[PDB]
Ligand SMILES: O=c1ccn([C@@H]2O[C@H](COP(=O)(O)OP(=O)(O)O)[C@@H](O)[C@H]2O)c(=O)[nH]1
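Only one chain is given next, in C-alpha cells, and it is the form solved without the ligand.
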C-alpha cells in the first residue's frame, strides 16, 4: 500500500522521538519490507532471559509463545540463564532457532551480559533482546524492533509528565536524574540493540551500580533506574510503544493499543 505523505496512518500517537528515532506502533511499519531487509543480512537475534528459583515455571509458556510470535522466519538464539538447568522444559523449536542453557550458582543480570558472556554473544548473534521470563507473547514481535539501541515505554507512564517519572532523584546515586530532565520513562524489563551497544549499556549499568553500592546507596528502581540514566545520556535509536510491554489485568486494553504483543502472565 502506497505511503501517502499527506495522510498519516496514526494520528493518535507520537510515532517519532524529538531525536528522530521511530516509536514503534502498529500501523507505522510494513513488516514485509523490514523482513526482506533483515533477511538479506542473515540476521541472528539473541533473546536472553533469567529464570531463577520459582521463575523456571514460566519458561514453558514463554518459550512456546516465543516460537509462535518472536522473529519468526529469522535466526534466533535463546539464552536461558538458570540455577536449575534440569528444570528447563524441552520445547520443540522452528528451523534456524536454538536454545542454550546457561547455569548460574540484583546486578548480576547486567554483569552476566556485559562481562561473563561477552565474547560468546559477539560471535553468535547480531542483536540482543533482554526481557523477563514471567511473560507471554500474544502477537507479532519482530524485526521492526531491531536497531542499535532500543528501550520500551513503561506502560503505567507513557501518558504522564516527567516530574511524575519514578527516576532516581537523590544526587548521591549515579542514576540521578533532576526534576527538569528526561525524555521518557523506559521499562527495565524490555531493552536491546546490537550486541556492541547492549554490552556498552550493561557494562555502564554495572559500573554505575558498583559505585552506588560502594557508597551504601541503591537506586529506587534498581537496574531500571540506571537504564533510564543511560538512555537519557545515549538516546535510543528506536523506542517501542507499550504494545511491546503490557499488563492486561492492570491496564486493560485501550483503543490506542491496536495489538498487545508481549504481556505479563496473570
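Positions refer to the first chain, counted from 1.
Modelled in this chain, residue 116 is nonetheless absent from a third or more of the other compared entries whose models extend past it on both sides.
According to the record, 4 to 9 deposited residues between residue 105 and residue 106 are left without atomic coordinates. Comparing 35 to 43 with 22 to 30, the higher mean C-alpha B-factor in the PDB entry belongs to 35 to 43. For the pair 252 to 260 and 5 to 13, the mean Cα B-factor is higher in 5 to 13. In the PDB entry, the Cα temperature factor peaks, among 157, 137, 81, 190, at 157. When the C-alpha B-factors of 96, 182, 151, 85 are ranked from the entry, the top spot goes to 182. Sort the chain's modelled residues by C-alpha temperature factor and residue 237 lands in the lowest third, per the entry. In the PDB entry, a CA B factor belonging to the middle third of its chain's modelled residues is recorded for residue 186. Sorting the modelled residues of the chain by their CA temperature factor places residue 147 in the lowest third. Sort the chain's modelled residues by C-alpha temperature factor and residue 194 lands in the lowest third, per the entry. In the deposited entry, the Cα temperature factor of residue 60 sits in the middle third of values across the chain's modelled residues.
Below, we refer to the form deposited with the ligand bound, which is not included among the displayed structures.
Of the residues 169, 75, 140, 109, just one reaches the ligand in the deposited complex with a heavy atom at 4.5 Å or closer; this is 109. Note on contacts: among 68, 53, 60, 233, the single residue with a heavy atom within 4.5 Å of the ligand in the deposited complex is 53. Not displayed here, the ligand is kept clear of residue 99 by more than 4.5 Å at the level of heavy atoms in the deposited complex.
Looking at residue 133, you'd find a heavy atom of it within 4.5 angstroms of the ligand in the deposited complex.
Contact with the ligand in the deposited complex, defined as any heavy atom within 4.5 Å, is confined among 234 to 242, 22 to 30, 206 to 214, 45 to 53 to 45 to 53.
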